[PDB]
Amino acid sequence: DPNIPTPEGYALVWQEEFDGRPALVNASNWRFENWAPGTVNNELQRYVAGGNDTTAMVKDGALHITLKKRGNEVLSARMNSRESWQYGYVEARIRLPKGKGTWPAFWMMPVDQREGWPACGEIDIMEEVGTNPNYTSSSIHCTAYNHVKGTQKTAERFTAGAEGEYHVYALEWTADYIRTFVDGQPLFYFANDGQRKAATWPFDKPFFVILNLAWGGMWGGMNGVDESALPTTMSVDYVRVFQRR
């Protein structure tokens, strides 16, 4: 479609356009997590499937993931794409939520996780925390480069208005390098060192896309959380996946 900004040399292979009343997310594209609080990263939110206690819906052509307090729990949602891809251009148009304690994320995990994490590898396309507003980052995780060893590869940049406005976060992932962009402007770069060692390059297998909004946790809650900011919403206009022709 000529209406889709397409990187040079690429063709579209997958698109979630999230096509004025709310509706349910397209279940053929996404699998939800049903996770109690504290399941990973000591996070405070509960990830639910969805009364008005729905945390993920589609409205006005965009996915909306909303953090909301219900009872004595903060509810949210975490989605995995049912399709996966090896290499490609992975782009989403995302509007970040607002509040000390938010942790929106647009990232990727491999289909094959038998090696365990972080050996299996992890690509963070967009990460941000409401305690440090409008600082979005990109990272990769692996045996050699991860936070336990203090060696995680990451890059960070201030993007004015990222909370409250849509911006285009993208990943360019080939056999030679991983690179991310913010509004077409390069941000993170990580090269394949060519050693053919899984410790430094586990990125030669299919990965799927994850969208989630956490509350608190080891990163989001490192300075505390502010429940007065609830409710707050992360909005995704689209997720598109391109691959080389």
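For every residue, the number given is its place in the sequence shown, counted from 1.
Unmodelled residues of the deposited sequence between residue 19 and residue 20: 4 to 9.
According to the entry, the deposited sequence has no residues without coordinates between residue 61 and residue 62, so the chain runs continuously there. Stretch comparison (52 to 60 versus 28 to 36) by mean CA B-factor in the PDB entry places 52 to 60 on top.
With 63 to 71 and 209 to 217 compared on mean CA B-factor from the PDB entry, the stretch scoring higher is 63 to 71. Per the deposited record, 115 carries the highest C-alpha B-factor of all listed residues (124, 128, 156, 115). In the deposited entry, the Cα temperature factor of residue 44 sits in the middle third of values across the chain's modelled residues. The PDB entry assigns residue 180 a C-alpha temperature factor belonging to the lowest third of its chain's modelled residues. In this PDB entry, the Cα temperature factor of residue 186 sits in the middle third of its chain's modelled residues.
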